[PDB]
Every structure is written in C-alpha cells, then in structure tokens.
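Undergrad: Here it is, the structure, as structure tokens.
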Amino acid sequence: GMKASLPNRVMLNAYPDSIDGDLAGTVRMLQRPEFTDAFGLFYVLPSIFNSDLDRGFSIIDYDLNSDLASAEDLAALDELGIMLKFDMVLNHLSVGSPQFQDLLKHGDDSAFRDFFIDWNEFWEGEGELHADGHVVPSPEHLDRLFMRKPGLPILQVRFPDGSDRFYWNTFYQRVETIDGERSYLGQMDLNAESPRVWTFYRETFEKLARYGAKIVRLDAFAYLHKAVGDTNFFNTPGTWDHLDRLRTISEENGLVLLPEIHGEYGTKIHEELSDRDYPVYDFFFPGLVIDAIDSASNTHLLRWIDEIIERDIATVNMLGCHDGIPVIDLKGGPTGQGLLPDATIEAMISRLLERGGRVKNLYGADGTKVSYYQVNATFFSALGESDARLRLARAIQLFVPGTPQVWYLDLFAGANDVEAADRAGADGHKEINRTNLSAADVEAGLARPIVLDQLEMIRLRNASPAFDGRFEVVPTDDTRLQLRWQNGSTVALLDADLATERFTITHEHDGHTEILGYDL
C-alpha cells in the first residue's frame, strides 16, 4: 500500500539556497559529524528546478537550476543515505515554460492550444463580457467560486494574431509595463482534461524518479479540477479521478504520492484521503502543539493523536514550513466541528500577532474576506522565542505518529525576519520565515544547545527501530504527555510536562538504557 510505503525517516526541508547559497552548501552541512544519520529524507523546494516567480512554484521546466543545484549534489545526498522529496507543481506552469511560450508564439496553431485554460472559452455562455474583454461568470457561478485573490483568476496575454486573450491564473502573476511594451509572468493553470498535460505528468514523474525522488508532493492538488458551476476546490468526483490516475503513474515509478491540501478538519477530506490509501500532510499539529504549549494542556492534541491511530492516518507532520502556520485547517468546515473551537483559534491568532506574526486571509471574488488562512511567522517566534518551548515542540513532533519534516530555519531557531517581510520587491510576508543562512550562521548554530539538542533528538528519531513499531499514549493528567514507541525490545519513551516545559527521552536498545534531557 502507498501509506505503508511512506518512509518513516526524519525529513529535512529547505530551499536549495537556504544554506550557503546553493544545494552544495546544504550537503556540506549535512556532512558535518553533528548531522550524521540525522535525516533519511530531504524535501527540496521547487526552486531546485528552473523557475521564476513564487520562489520555485512558477516552473519553467523540471531540469535543475544550475545556479542552485546539480546532479552532483543529489549524488552527494544519496551518498549520505538521504532520499529525496520533490514537487510536481501539476496545477500550473510559468508563462516562461516552453509549453506556454509555444502557445504565445503559434497561438491557435500551437500544439499546446489545449494545454492551458482559455478563460473566455471556459465560461462561454455562462457570463457576460466585461468592458475589459474578459467573461464575468454569472452570479450563480461566481458565488460558488473559490478564490485565492481579489477579482477573477485570470491573466490577460497577447496572442500572435494581435488579440488579447484571458488565461486561467489561480495564483501569482506579474505585469510589467513601459512605453509600448507590456510583459507578464505568471502561474498559468494547466488543463487537466488534455492528454498532453497527462503525458507531461508521466514524463515529469519519470524525471523526478531519475533524480532519486521517493516522494512526489502534489502541490495545490485541490485546485486542479475546474468546472463551471463548482467551487474548484476539491471538486468531486473529478479530483478523485485525477488522483487515482496519478497514483497509477506514480506506482510505475516506485514513488509515494503526497497531495498538498489545506482542508478544514471538519470537512474530513484528510479522512477520505487516508481511507483511499493516500498519505496526507498533518496541518493540524502545528496549531495544536502551539495551543497545547500555550495552555499547558494536552486535551485537544490528544484527541487528534487518537484519531490518527483510530483512523490509521499516515502523515507527514511538521512545525514550520515554507508557508505560514495553518489556522483555517483547524476549523469545522461548513457544518462540522473543528479540532479547536473557533474562539480558541482566534485567540491563538491574536497571540501569534502579538509575537510578530502576520495573518494571511482568504477573500471571495466580492472582496469580502472568507476567513483567516495562515499566520506568517517562524515557529521559534510563534512559541515566544523560548528554546525550551521549541525543544518541547520538536520532541512532541518526533514522538507523534508520522514522518517528521524539519524546517531548516526552526532547526537553527530563526526568529521572525521582519526586515525581509517588509522589504520592497520581496515576496511579502512569507519572507518572515524564509531567511537564508550562511555557512557562518550554520557553524555558530552548531555551538548552540537549541540546535544541538534538536539534532540529538532528530538522530535518535531517524535511527531507532522503536519508531518502526507500536505507538502508545501512556495515560497521564492533562498537563503531561507521555508517548511511547516499542519495536520488540527497543523502546523510546517521551515523558513531557507541559506546565514546566520539561521532558526526558528514555531509549532502551540492546539492553542498554540512555536518557536524553536538556534541563539537568
């Protein structure tokens, strides 16, 4: 099964240039003694490929960006025993991609005339034309539309016959002008009904497998299927049909599929994905662990831990990542109940804002905000810039079921990068949590307890066979958390106290008992 194929190793996560300018910089760091056998997985963000906008997620092609990465870096990571996780950004390609450039060059004669989505074609007979030339969907359709920005998800482009056409653009765009020249970049949505797109998916899977990929992340997968009259967020059954088709291709290359979906807990999308034998991200744990630590109570976190076991959910969990801390994910959806009460989520957002966080909301086409979505902040800052809270969150993360993803910047306890978040010309508030580190930063960090203590726990989690065995929550009062893994005679026990923020890790292996602890 695919869930069972998810490797249970600790997974590093970073941009190829997060450490000393390029992926060779991360390799050199990984070759240090402190990092020996720390990670068996590495999710390298998509700027490892040729790309422009959205720091890697506007893909030109899936060859490596030679400024930042090479096949020699991948061989060096394989030498270290590190398997790879990469994106397939299957919902869209850059305007600068060869497919879209061919569309702009040959227009209606292009072999890719059906590869992307002409907006006015898509909505033909389902809306009135705006003065600007684009089709405004009828109110019945526009209401249902899930929107990741104000206005419509369209970019106007220039075809070789001199016409201006509107192409579907759910996410980023850039429009530059001077004298007579209008240039544009953007993430142009792919037509999932096109056999050419599916041929590109298969070739891309083969390319990623050749690079040494073991996991392929289906970026923004819920947005792929589009249909007049639907919301275009996880449309069904269309989204399931696309996923099963990808699954087949994935299996032919020996790859594990991990669809990225920020569904509200109360929709139970994560349960449906798991029941269909797909691993999922754990976007509930980040907020739950903050709430558990901020309140010194395990009640909400334990409930979610119990459902992972009861529902047999294979996850990739995390503290921070390249996006913000998910908060909408904790809600109950349209009718259901969330993992934290609405009021508890909002109060957590307020605290995170007091700690320098910056909220990121969702807005409908009519401009009215729908809800908070994420909170942009480093996890170190989200926890009040306390080494003890970050050590505790890491320890809990490593003992919860699931593959633990480690954000490079949390490993080095980076605080909010306020300067980067406000810099004119930067990517905005997500920069608060994307600081690039030098080799010097790395060195100085390897003398810090907050970095070394995390690495000691990481190396244990990545190597001990205990975590390949049975998981158990040892009953305690609600201010403590005692998590136990046993594989035959090998036992790993986390005994944590949320009130005092103290904890110890006991590891029994080959009759030898060693204790990890960072307070005494």
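Convention: chains lettered A, B, ... in structure tokens order; per-chain residue numbering from 1; ligands numbered from 1 as shown.
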Would you pick out the contacts of residue 220 of chain A at 7 Å or less, using only C-alpha atoms, so that residues sharing its chain but fewer than 5 positions from it are not included, and give the list as an MDAnalysis selection string?
TA: chainID A and resid 91 260:261
Undergrad: Convert the current residue selection to file output with C-alpha atoms, as a PDB file, in the first residue's frame.
TA:
```pdb
ATOM      1  CA  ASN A  91      -1.766  22.767 -11.360  1.00  0.00           C
ATOM      2  CA  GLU A 260      -0.985  19.013  -0.519  1.00  0.00           C
ATOM      3  CA  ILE A 261      -4.458  20.004   0.704  1.00  0.00           C
TER       4      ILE A 261
END
```
Undergrad: Identify, on the basis of only C-alpha atoms, every residue whose closest approach to residue 455 of chain A does not exceed 12 Å; exclude the query and any residue fewer than 5 positions from it along the same chain; express the result as a JSON list (two decimals) with C-alpha atoms, in the first residue's frame.
TA:
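The result, written out as result.json:
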```json
[["chain", "number", "residue", "atom", "x", "y", "z"],
["A", 10, "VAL", "CA", 13.20, 12.39, 9.59],
["A", 12, "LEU", "CA", 14.79, 17.91, 6.14],
["A", 30, "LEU", "CA", 24.94, 17.52, 6.18],
["A", 32, "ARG", "CA", 29.30, 17.54, 9.49],
["A", 33, "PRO", "CA", 29.56, 14.99, 12.34],
["A", 34, "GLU", "CA", 26.64, 16.62, 14.18],
["A", 35, "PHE", "CA", 24.42, 15.68, 11.21],
["A", 36, "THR", "CA", 25.49, 12.04, 10.88],
["A", 37, "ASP", "CA", 22.41, 9.93, 10.06],
["A", 38, "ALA", "CA", 20.13, 12.79, 11.13],
["A", 39, "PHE", "CA", 17.90, 12.78, 8.03],
["A", 391, "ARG", "CA", 12.76, 21.79, 22.26],
["A", 394, "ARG", "CA", 10.28, 19.19, 18.48],
["A", 395, "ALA", "CA", 10.26, 16.32, 20.99],
["A", 398, "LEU", "CA", 9.13, 13.40, 16.80],
["A", 406, "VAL", "CA", 12.14, 19.59, 9.88],
["A", 408, "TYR", "CA", 15.90, 24.28, 8.35],
["A", 410, "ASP", "CA", 13.41, 26.04, 13.01],
["A", 411, "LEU", "CA", 16.44, 23.75, 13.42],
["A", 412, "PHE", "CA", 18.53, 26.92, 13.79],
["A", 445, "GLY", "CA", 24.48, 27.40, 15.33],
["A", 446, "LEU", "CA", 26.27, 24.09, 15.82],
["A", 447, "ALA", "CA", 27.59, 25.51, 19.09],
["A", 448, "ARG", "CA", 24.09, 26.37, 20.36],
["A", 449, "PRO", "CA", 22.18, 23.99, 22.67],
["A", 450, "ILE", "CA", 18.90, 24.76, 20.90],
["A", 460, "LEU", "CA", 17.55, 9.23, 17.60],
["A", 461, "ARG", "CA", 14.20, 9.53, 15.81],
["A", 462, "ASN", "CA", 15.83, 8.77, 12.45],
["A", 516, "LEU", "CA", 18.11, 12.36, 26.86]]
```
Undergrad: Considering only C-alpha atoms, state which residue in the set A:23, A:29, A:246, A:258 is at the smallest distance from residue 64 of chain A.
TA: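 So, comparing all the options, the nearest one is A:23.
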Undergrad: Of the residues A:345, A:388, A:400, A:82, which is the one nearest to residue 326 of chain A, using only C-alpha atoms?
TA: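 Counting only C-alpha atoms, the residue closest to residue 326 of chain A is A:345.
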Undergrad: Output as an MDAnalysis selection string all residues of segment 325-394 of chain A that backbone DSSP marks as strand (DSSP E).
TA: chainID A and resid 325:326 358:363 369:376
Undergrad: Only N, CA, C and O atoms, please: the residues just picked out, written as a short mmCIF file (atom, residue, chain, number, x, y, z; two decimals), in the first residue's frame.
TA:
```
data_model
loop_
_atom_site.label_atom_id
_atom_site.label_comp_id
_atom_site.auth_asym_id
_atom_site.auth_seq_id
_atom_site.Cartn_x
_atom_site.Cartn_y
_atom_site.Cartn_z
N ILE A 325 1.74 29.22 9.30
CA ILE A 325 1.13 28.29 10.25
C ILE A 325 -0.35 28.16 9.90
O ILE A 325 -1.07 29.16 9.93
N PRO A 326 -0.84 26.96 9.59
CA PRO A 326 -2.25 26.82 9.18
C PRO A 326 -3.18 27.05 10.36
O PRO A 326 -2.99 26.50 11.44
N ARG A 358 2.00 37.62 11.24
CA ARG A 358 1.21 38.40 10.29
C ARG A 358 0.19 37.47 9.66
O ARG A 358 0.57 36.47 9.03
N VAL A 359 -1.08 37.79 9.83
CA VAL A 359 -2.14 36.90 9.40
C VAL A 359 -2.31 37.01 7.89
O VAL A 359 -2.13 38.08 7.29
N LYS A 360 -2.68 35.89 7.28
CA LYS A 360 -2.96 35.79 5.85
C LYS A 360 -4.37 35.25 5.69
O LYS A 360 -4.65 34.13 6.13
N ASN A 361 -5.25 36.04 5.09
CA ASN A 361 -6.66 35.69 4.99
C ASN A 361 -7.01 35.22 3.58
O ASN A 361 -6.20 35.29 2.65
N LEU A 362 -8.23 34.71 3.44
CA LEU A 362 -8.82 34.39 2.15
C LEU A 362 -9.99 35.33 1.88
O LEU A 362 -10.79 35.62 2.78
N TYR A 363 -10.10 35.79 0.64
CA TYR A 363 -11.16 36.70 0.24
C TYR A 363 -11.90 36.15 -0.97
O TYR A 363 -11.27 35.63 -1.91
N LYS A 369 -13.77 39.12 2.95
CA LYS A 369 -12.89 38.06 3.44
C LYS A 369 -13.71 36.88 3.93
O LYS A 369 -14.73 37.05 4.61
N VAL A 370 -13.26 35.68 3.58
CA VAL A 370 -13.94 34.46 4.00
C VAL A 370 -13.47 34.00 5.36
O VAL A 370 -14.28 33.62 6.22
N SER A 371 -12.16 34.02 5.60
CA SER A 371 -11.62 33.55 6.86
C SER A 371 -10.13 33.82 6.90
O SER A 371 -9.50 34.09 5.87
N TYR A 372 -9.57 33.77 8.11
CA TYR A 372 -8.13 33.63 8.24
C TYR A 372 -7.70 32.32 7.59
O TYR A 372 -8.47 31.36 7.51
N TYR A 373 -6.47 32.30 7.08
CA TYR A 373 -5.94 31.13 6.39
C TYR A 373 -4.69 30.60 7.06
O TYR A 373 -4.66 29.44 7.49
N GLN A 374 -3.64 31.42 7.16
CA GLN A 374 -2.40 31.03 7.82
C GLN A 374 -1.91 32.24 8.61
O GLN A 374 -2.43 33.35 8.48
N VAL A 375 -0.93 32.00 9.48
CA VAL A 375 -0.24 33.07 10.19
C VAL A 375 1.24 32.97 9.84
O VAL A 375 1.88 31.95 10.13
N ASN A 376 1.76 34.02 9.21
CA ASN A 376 3.16 34.05 8.79
C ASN A 376 4.03 34.40 9.99
O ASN A 376 3.90 35.49 10.57
#
```
Undergrad: Compare A:385, A:277, A:508, A:189 by their minimum atom-to-atom distance to residue 247 of chain A, counting only C-alpha atoms, and give me the closest one.
TA: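 Ranked by minimum distance to residue 247 of chain A, first place goes to A:277.
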Undergrad: Quick one: of A:157, A:321, A:104, A:393, who's nearest to residue 435 of chain A, counting only C-alpha atoms?
TA: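 Nearest candidate to residue 435 of chain A out of A:157, A:321, A:104, A:393: A:321.
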Undergrad: Leaving out residue 504 of chain A and any residue of its chain fewer than 5 positions from it, which residues lie within 9 Å of it when counting only C-alpha atoms, given as a list in words?
TA: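 Close residues of residue 504 of chain A: residues 493, 494, 495, 496, 515, 516, 517, 518 and 519 of chain A.
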Undergrad: Which of segment 106-315 of chain A end up as helix (DSSP H, G or I) when DSSP is run on this backbone - answer as a PyMOL selection string?
TA: chain A and resi 106-109+119-122+139-144+195-210+221-223+238-252+265-267+269-275+285-295+299-310
Undergrad: For a test of reading the model, state the distance in Å between atom CA of residue 80 of chain A and atom CA of residue 206 of chain A, rounded to one decimal.
TA: 22.9 Å
Undergrad: Quote the spacing between atom CA of residue 339 of chain A and atom CA of residue 387 of chain A in Å to one decimal place.
TA: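 Between these atoms lies a distance of 26.5 Å.
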Undergrad: Quote the spacing between atom CA of residue 350 of chain A and atom CA of residue 150 of chain A in Å to one decimal place.
TA: 24.5 Å
Undergrad: Residues of segment 52-119 of chain A that approach segment 207-218 of chain A to 9 Å or less, counting only C-alpha atoms: could you list each one with the shortest pair of atoms and its distance in Å to one decimal, rows by chain and increasing residue number, as JSON lines?
TA:
```
{"residue": "A:62", "atom": "CA", "partner": "A:207", "partner_atom": "CA", "distance": 7.4}
{"residue": "A:63", "atom": "CA", "partner": "A:207", "partner_atom": "CA", "distance": 8.3}
{"residue": "A:71", "atom": "CA", "partner": "A:211", "partner_atom": "CA", "distance": 7.6}
{"residue": "A:74", "atom": "CA", "partner": "A:211", "partner_atom": "CA", "distance": 7.2}
{"residue": "A:75", "atom": "CA", "partner": "A:212", "partner_atom": "CA", "distance": 8.8}
{"residue": "A:78", "atom": "CA", "partner": "A:212", "partner_atom": "CA", "distance": 7.9}
{"residue": "A:83", "atom": "CA", "partner": "A:214", "partner_atom": "CA", "distance": 6.3}
{"residue": "A:84", "atom": "CA", "partner": "A:213", "partner_atom": "CA", "distance": 4.6}
{"residue": "A:85", "atom": "CA", "partner": "A:215", "partner_atom": "CA", "distance": 4.6}
{"residue": "A:86", "atom": "CA", "partner": "A:216", "partner_atom": "CA", "distance": 5.2}
{"residue": "A:87", "atom": "CA", "partner": "A:217", "partner_atom": "CA", "distance": 4.6}
{"residue": "A:88", "atom": "CA", "partner": "A:218", "partner_atom": "CA", "distance": 5.6}
{"residue": "A:89", "atom": "CA", "partner": "A:218", "partner_atom": "CA", "distance": 6.4}
{"residue": "A:90", "atom": "CA", "partner": "A:218", "partner_atom": "CA", "distance": 6.7}
{"residue": "A:91", "atom": "CA", "partner": "A:218", "partner_atom": "CA", "distance": 8.6}
```
Undergrad: Quick one: everything within 7 Å of segment 300-307 of chain A, counting only C-alpha atoms, minus sequence neighbours fewer than 2 positions away in the same chain. Send it as an MDAnalysis selection string.
TA: chainID A and resid 288:289 292 298 309:311 339:340
Undergrad: A:111, A:505, A:296, A:432: which is nearest residue 458 of chain A, counting only C-alpha atoms?
TA: A:505
Undergrad: Residues within 8 Å of residue 484 of chain A, please, as number ranges by chain. Count only C-alpha atoms; anything in the same chain fewer than 4 positions from it doesn't count.
TA: A: 399, 471-474, 491-494
Undergrad: Choose the residue, out of A:382, A:439, A:41, A:308, that has the smallest atom-to-atom separation from residue 81 of chain A; count only C-alpha atoms.
TA: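 For residue 81 of chain A, the nearest of the candidates is A:41.
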Undergrad: Show me, as a list in words, the residues that have an atom within 12 Å of residue 147 of chain A when counting only C-alpha atoms, minus same-chain residues fewer than 5 positions from it.
TA: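 Close residues of residue 147 of chain A: residues 142, 152, 153, 154, 169, 170, 171, 223, 230, 231, 232, 233, 361, 362, 363, 364, 365, 366, 367, 368, 369, 370 and 371 of chain A.
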